[PDB]
Protein chains: 2
Amino acid sequence: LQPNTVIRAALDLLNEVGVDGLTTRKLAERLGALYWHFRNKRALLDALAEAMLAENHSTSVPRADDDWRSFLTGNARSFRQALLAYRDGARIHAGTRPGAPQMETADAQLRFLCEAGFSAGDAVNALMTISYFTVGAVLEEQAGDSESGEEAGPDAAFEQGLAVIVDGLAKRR
Amino acid sequence: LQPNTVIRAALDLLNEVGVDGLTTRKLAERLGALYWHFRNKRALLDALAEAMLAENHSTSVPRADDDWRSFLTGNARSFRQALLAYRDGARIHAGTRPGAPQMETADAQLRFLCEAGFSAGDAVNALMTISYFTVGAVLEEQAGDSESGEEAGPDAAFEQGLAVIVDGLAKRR
Ligand SMILES: Cc1c2c(c(O)c3c(O)cccc13)C(=O)[C@]1(O)C(=O)C(C(N)=O)=C(O)[C@@H](N(C)C)[C@@H]1C2
Ligand SMILES: Cc1c2c(c(O)c3c(O)cccc13)C(=O)[C@]1(O)C(=O)C(C(N)=O)=C(O)[C@@H](N(C)C)[C@@H]1C2
Ligand SMILES: [Mg+2]
Ligand SMILES: [Mg+2]
């Protein structure tokens with residue numbers, strides 16, 4: 001794995017300088033006797049990607065009380081907030097692929113949706129599509145804010161698009 | 001506005017170095033007697049954002065032969081390809097807001113969907129949501145590729161999520 005004290009420090013610096021200004025040399029200048037090394041920046045951002053979810057993605061895993069709508073909705077809501085908790089959250093996540101630990105739990109997501117009446121390809125599609133929508137929505141929210149140096153709510157807009165998405169999936173539950 | 005020879009040169013350099021390596025000083029080192037200036041990088045990326053669409057967003061505007069499904073579908077397909085034509089296309093677009101010229105044509109999109117049976121808030125939601133989904137989908141495609149230094153198709157995956165999206169909107173045409 002890799003130490004928490006180090007990850008916390010990188011997250012906090014990320015809030016200061018965003019992804020573009022975040023480097024491992026600057027990470028060390030923040031910290032200065034337990035050893036750490038990242039294979040490269042991308043590796044740092046993969047770790048932060050994972051950390052963001054560990055800390056905030058709270059209806060990631062299913063629960064007896066869930067039904068399919070309530071899980072995907074909550075799941076999307078919860079993903080989104082993990083992305084929004086940190087500067088450049090969405091950008092960082094892009095192109096990441098869920099890990100070995102994230103795989104076991106990501107297999108639970110499926111075996112629930114199949115349980116509930118979706119086909120295999122439909123279930124992958126429900127997760128990806130929600131995923132693509134969310135990253136998209138957050139990216140636009142985060143950049144619009146981030147770029148302001150040069151109407152009714154990004155939460156509404158998200159919440160709506162997600163409502164539409166859940167309907168079109170219901171057409172094959 | 002701002003000169004085409006200059007924009008072409010910036011697009012071509014963008015393909016070489018992505019957004020992170022693109023700066024106005026490097027743009028000039030590419031060119032070196034007609035004058036140009038960008039207020040800042042963000043302004044450069046706003047112009048490139050617009051150029052990408054001017055060049056490739058081909059079922060942006062409606063047409064008598066369109067119906068609503070075929071327009072939103074095509075529209076999304078066409079947007080997406082504009083984003084994919086250039087490195088970091090999606091990232092660049094994030095946070096941009098369609099211009100004065102893009103406004104007149106963006107008003108045509110609506111007055112078509114309202115024409116076809118969507119309410120006002122539904123029509124905004126259809127465009128945004130497709131928009132958020134697309135930027136999301138492309139961002140993940142572009143980064144996954146971009147980051148490779150450290151199953152069945154991103155076109156399928158997009159095409160599917162877009163299919164689901166169009167269904168959930170049909171629930172209020
Ligand atoms: C299934 C899947 C997912 C994600 C993902 O990136 C991904 C991928 O890049 C390739 C193949 C499959 C997936 C998510 O990012 C993620 O957000 C995620 O990792 C995830 C998670 N770790 O809990 C989720 O809950 C999912 N939710 C947004 C639908 C989604 C699931
Ligand atoms: C309506 C709207 C749109 C976009 C957009 O960014 C935006 C916004 O940032 C704030 C408020 C409204 C909009 C698009 O990016 C854009 O891609 C776009 O500019 C656009 C265009 N210029 O033709 C489109 O066709 C749209 N399509 C993806 C649904 C969508 C329309
Ligand atoms: Mg991911
Ligand atoms: Mg835009």
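Deposited coordinates in this entry are attributed by the record to X-ray crystallography, at a stated resolution of 2.55 Å.

Peer 1: Explanation requested: the packing of aromatic side chains in the structure shown.
Peer 2: Aromatic ring pairs: the centre-centre distance and the angle between the two ring planes describe each pair. All names here are of chain A. A complete count under the given rule lists eight aromatic pairs over all chains for this structure. Ring centres of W68 and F118 lie 5.1 Å apart, and the angle between their planes is 80°; on these two criteria the pair is classed as edge-to-face. With a gap of 50 residues between them, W68 in helix α4 (residues 68–84) and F118 in the loop between α6 (100–116) and α7 (120–146) connect regions that are remote in the sequence. You can call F118 buried: its relative accessible area is 4%. Against the face of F158 rests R80, its NZ or CZ located 4.7 Å from the ring centre.

Peer 1: Explain the relation of the copies chain A and chain B here, please?
Peer 2: Note on the chain copies: they are related by a rotation about an axis and a translation along it. For the match of chain A to chain B, the screw axis carries a shift of 0.0 Å, the RMSD comes to 0.0 Å, and the turn is 180°. In the structure described here, the two chain copies are related by an operation that fits a two-fold rotation axis.

Peer 1: Can you walk me through the site of ligand 2 in this structure?
Peer 2: All names here are of chain B. Near ligand 2, the surroundings consist of 13 residues, among which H57, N75, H93, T96 and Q109 are the closest. One of the side-chain N or O atoms of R97 is found 3.4 Å from an oxygen atom in ligand 2. Compared with its free state, where it exposes 570 Å², ligand 2 has 87% of that area covered by protein. The dominant element in the shell around ligand 2, judged by the number of residues it contributes, is helix α7 (residues 120–146), at three residues.

Peer 1: Help me out: how do you make sense of the interface of chain A and chain B in this one?
Peer 2: One frequently used descriptor of interface size is the decrease in accessible area upon assembly of the parts. Taken together, the contacts link 36 residues of chain A with 36 residues of chain B. Top element by residues in the side of chain A that touches chain B is α7(A). It accounts for 13 residues. Within the side of chain A that touches chain B, the residues separate by chemical class into 12 nonpolar, 14 polar and 10 charged.

Peer 1: I'm lost on the domain arrangement of chain A in this one. Help?
Peer 2: All names here are of chain A. Assigned domains of chain A: these are domain 1 (1–59) and domain 2 (60–173). Listed as interface residues are 21 residues of domain 1 and, on the opposing side, 21 residues of domain 2. Here the residues of the side of domain 1 that touches domain 2 sort into eight nonpolar, six polar and seven charged.

Peer 1: Would you mind going over the site of ligand 1 with me for this structure?
Peer 2: Residues and elements named next belong to chain A. Around ligand 1 sit 13 residues, and of these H57, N75, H93, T96 and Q109 come closest. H93 has a polar side-chain atom sitting 2.8 Å from an oxygen atom of ligand 1. Between ligand 1 and the protein, one listed contact pairs an oxygen atom with a side-chain N or O atom of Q109 at 2.8 Å. Relative to its unbound accessible surface of 570 Å², ligand 1 loses 87% to contact with the protein. The set of elements that each furnish at least two residues to the shell around ligand 1 consists of α4 and α7. With three residues, α7 is the largest single contributor of residues to the shell around ligand 1. Class assignment of the residues belonging to the shell around ligand 1 gives a composition of five nonpolar, seven polar and one charged.

Conventions and cut-offs
- Positions along each chain are numbered from 1 by the written sequence. They may not match the entry numbering, and residues without coordinates are not shown.
- Starting at A for chains and at 1 for ligands, labels are handed out in the order in which the entities are written.
- Note that water and hydrogens are dropped before the side-chain values are worked out from all heavy atoms of the structure.
- Residues with missing side-chain atoms are left out of burial classes, side-chain pairs and their counts.
- A pair of aromatic rings is counted whenever rings of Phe, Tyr or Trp (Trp by its six-membered ring) have centres within 6.5 Å, and the orientation is called stacked for planes under 30 degrees apart, edge-to-face for over 60 and tilted otherwise.
- For helices the rule is a DSSP run of H or I covering at least 4 residues; for strands it is a run of E covering at least 2, with both sets numbered from the N terminus onward.
- Partly exposed describes any residue whose relative accessible area lies between the buried limit of under 20% and the exposed limit of over 50%, with all areas from a 1.4 Å probe on protein chains only and scaled to the type maximum.
- Two limits define a charge over a ring: the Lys NZ or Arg CZ must be within 6 Å of the ring centre, and within 35 degrees of the ring normal.
- All copies share one frame, set by a least-squares fit on their C-alpha atoms.
- Being near a molecule or strand, for a residue, comes down to having at least one heavy atom within 4 Å of it.
- Definition of a polar contact: a pair of N or O atoms within 3.5 Å, with one able to donate and the other able to accept a hydrogen when the atoms are protein atoms, and with sequence-neighbouring residues admitted only if both atoms are side-chain atoms.
- Per-residue and other accessible areas follow the Shrake-Rupley method at a 1.4 Å probe size, with only the shown protein chains counted as cover for residues.
- Residue contacts are defined here by distance: any two heavy atoms, one from each residue, within 4.5 Å place the two residues in contact.
- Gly falls in the polar group here, along with every residue not listed as nonpolar (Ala, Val, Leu, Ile, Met, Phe, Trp, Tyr, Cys, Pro) or charged (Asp, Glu, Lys, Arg).
- Residue ranges assigned to each domain were obtained from an automatic or database domain assignment.

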